[PDB]
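Novice: Structure for this input, please:
(2 chains)
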Amino acid sequence: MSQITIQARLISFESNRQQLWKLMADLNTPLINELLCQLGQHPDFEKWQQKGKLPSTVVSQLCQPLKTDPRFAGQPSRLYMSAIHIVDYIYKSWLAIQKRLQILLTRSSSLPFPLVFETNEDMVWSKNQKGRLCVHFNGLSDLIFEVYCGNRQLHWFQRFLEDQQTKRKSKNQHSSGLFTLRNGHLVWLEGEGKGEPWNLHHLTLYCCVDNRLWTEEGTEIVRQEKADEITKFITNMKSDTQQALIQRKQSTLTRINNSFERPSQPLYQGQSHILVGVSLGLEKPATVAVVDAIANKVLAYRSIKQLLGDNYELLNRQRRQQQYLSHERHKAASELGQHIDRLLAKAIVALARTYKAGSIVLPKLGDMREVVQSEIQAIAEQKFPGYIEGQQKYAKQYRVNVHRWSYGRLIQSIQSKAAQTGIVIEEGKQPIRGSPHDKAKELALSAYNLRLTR
RNA sequence: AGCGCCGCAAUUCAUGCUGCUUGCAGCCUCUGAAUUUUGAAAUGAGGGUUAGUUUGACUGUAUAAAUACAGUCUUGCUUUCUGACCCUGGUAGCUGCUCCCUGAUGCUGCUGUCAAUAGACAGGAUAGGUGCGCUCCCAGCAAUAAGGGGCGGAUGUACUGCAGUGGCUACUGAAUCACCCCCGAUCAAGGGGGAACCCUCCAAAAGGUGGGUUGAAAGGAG
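Specialist: Numbers count the residues shown, from 1 in each chain, chains lettered A, B, ... in the order given. Pasting the structure now:
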């Protein structure tokens, strides 16, 4: 469930970029547009409106005659299935957002639609004579691409090259599914300026990798899980296609037994009894309570001011920017909230790792709006005792001065960082009319009680 | 006057210390939370300017672990703050809305000089405020059928008045720099020299050789 996106820039000759632009803009983009129009006019679209799913079999069965079409004749079938995967993902996202919010539905832009790659054997690496990390995809392999990236992204490509060399050196005796690659995305970045379009817009690649494949212990865990799943499926099954499938599965099981030359790092196994709870508020948007959960003595209290080491002014800056943006919208973004959420996630994960924590609880996003409203109400009578005009005025002022804190982004960041480290994530009921530190402590004890009962 | 925010005193607490009784007694030396104060420490600023520095990876030793140290490679992807730079615009076109009063609401307000009133000339954002911003007030103005008061042309109840407003395109160009310059490149490859600090060696010393510092961070895409 955990994936990491690695970004890189692709540099090649002018003729190479010209060929790619002539191959995508004039072929793939009209492909995407025409299948979007076809599914819009497809008679089963109305039936598919009810259920938020779309199998790829029907899309392939409606798309394969375009392979031999004169306008779209020259293109690898891998790019065609990339296009159908892209349209499937886009339509699934459209169904998801329509169901969440519960025609033509076509928009346009300047950069060409991307290129996907689910399999990993097609994308092949090589070492340049200069020393760069060249990549050549399966199909049009005579055209070379140079990869450029930062210091914290080059070692993943080094591991990709090492995996390729190990695969080709051992006569393909190693497992292909054990590679760190998950997905590959080929996009552009809207290069500004004037001139030739192919020489103006940069080309970039995103590689989806798995956290549990970088270290050795993760690679033993994942191969043990895969072997257990394969054996369980075989015993469940214990028909030429199914037969060939079972020999392929046993062949992959044999391939798994071979070990990769990967670095060894000790695995983190947090204690089950130790708990960490995080409470999301407004006056104190994030509070942390590290509790033993066995005896009612709390190991650690942490307010948000201590979490951001020499970064507390960033919260005030983001609040001011949010207020200004709300005022601007009321008349008719720097994306700092994402950075603050990621900083908070890193700080909380570091705090949990310091205290040997293994379980952390977060409030649920859906039912915490009433929690925010009750916190506003509680601080309203906190400021003014009993005259309802005072509480109403204070609530209006406090709402206009400070707005929401983008809780869902924080939830996603915490989940991603915990999955990167290996800390269990739980949910619980946030209590009402209590101190935020006491709120976090009560949430942690409630989470421990729920885990004990369930 | 009131709202949020940064921190100064004092009280309490510990999420800190003193001892081990490993949860209890005391305290604020460091670090944080709650409470009255006030305008003495901090937050705070319009638009951009990089192949930007750092937060990297692997191999071992101390450490149960975090963490520190020694050896090798290195890269330019996307961002958050901070430091420095010019400026509040020019060339040509397109487009929305329009009498007085009372309004919710919105715009403006930096310094010195020529015209009291239109506009320019230079510096420069320490842009009108209690320490700073804010749908909040300080004056002017603007617009909307939010209402009232209408008048002329118009047979007409419809329409127009009683010269302004904001937005979009191609060039221009100011940064194209993280100590600062020069050289061709910004689909690509760096080199040379210079001023300041620290360590070691030569060196009575001056000075030179070898190394490091010339800011810190975050990243799963959609």
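Novice: contacts and neighbour counts: CA atoms only from here.
Specialist: Will do.
Novice: Specify the next element, helix or strand, located C-terminal of the helix or strand containing residue A:345.
Specialist: Using DSSP states H and E, residue A:345 maps to helix A:336-354. Once the chain leaves helix A:336-354, the next helix or strand it forms, by DSSP H and E, is strand A:357-363.
Novice: Mind jotting down where the strands sit in chain A?
Specialist: A:4-11, A:115-116, A:124-127, A:133-136, A:145-148, A:181-188, A:203-209, A:271-280, A:286-291, A:298-302, A:357-363, A:424-428 (DSSP state E).
Novice: what's in contact with the helix holding residue A:345?
Specialist: A:276, A:288, A:307-308, A:314-315, A:318, A:358, A:405-406, A:409-410, A:413-414, A:417-418, A:421 (C-alpha atoms under 8 Å, 6 or more residues apart in numbering).
Novice: Point me to the residue of the stretch 251-400 of chain A nearest RNA strand B.
Specialist: residue A:263 (3.3 Å; C-alpha to the nearest atom of the strand).
Novice: Contact residues of the stretch 301-450 of chain A facing RNA strand B?
Specialist: Residues of the stretch 301-450 of chain A lying close to RNA strand B by C-alpha under 7 Å from any atom of the strand are A:301-303, A:305-306, A:313-314, A:316-317, A:320, A:323-324, A:326-327, A:330-331, A:334-336, A:339, A:342-343, A:346, A:353-354, A:394, A:397-398, A:400-402, A:416-417.
Novice: before we move on, back to that, identify whichever of the strands of chain A lies nearest to residue A:27.
Specialist: Evaluated with C-alpha to C-alpha, the strands of chain A place strand A:115-116 nearest to residue A:27, the distance being 12.1 Å.
Novice: Does RNA strand B have contacts with that closest one?
Specialist: No. Using C-alpha under 7 Å from any atom of the strand, we find that strand A:115-116 stays clear of RNA strand B, coming within 10.9 Å at best.
Novice: What of stretch A:91-99?
Specialist: Yes. Stretch A:91-99 lies within reach of RNA strand B by C-alpha under 7 Å from any atom of the strand, at residue A:93.
Novice: Of all the residues in that stretch, which ones are buried?
Specialist: Within stretch A:91-99, the residues scored as buried using 16 or more other C-alpha atoms under 10 Å are A:91, A:92, A:95.
Novice: quick check, nearest of the residues you listed to RNA strand B?
Specialist: Using C-alpha to the nearest atom of the strand, these come closest to RNA strand B at residue A:92, 8.7 Å.
Novice: so that closest one makes contact with residue A:49?
Specialist: No. Residue A:92 is beyond contact range of residue A:49, at 10.8 Å (criterion: C-alpha atoms under 8 Å).
Novice: With residue A:413 as the reference, measure out to the residue nearest to residue A:431 when sequence neighbours are not counted.
Specialist: Excluding its sequence neighbours, the residue lying closest to residue A:431 (C-alpha to C-alpha, 6 or more residues apart in numbering) is residue A:439, at 6.1 Å. Residue A:439 sits at a distance of 21 Å from residue A:413 (criterion: C-alpha to C-alpha, to the nearest Å).
Novice: Likewise for residue A:261?
Specialist: The gap separating residue A:261 from residue A:413 is 31 Å, by C-alpha to C-alpha.
Novice: ditto for residue A:58
Specialist: Applying C-alpha to C-alpha to residue A:58 and residue A:413 gives a distance of 36 Å.
Novice: Please apply the same query to residue A:367.
Specialist: In terms of C-alpha to C-alpha, residue A:367 sits 19 Å off from residue A:413.
Novice: Equivalent analysis for residue A:352, please.
Specialist: 15 Å.
Novice: residues in contact with residue A:141?
Specialist: By C-alpha under 8 Å, 6+ apart, residue A:141 has no neighbours at all.
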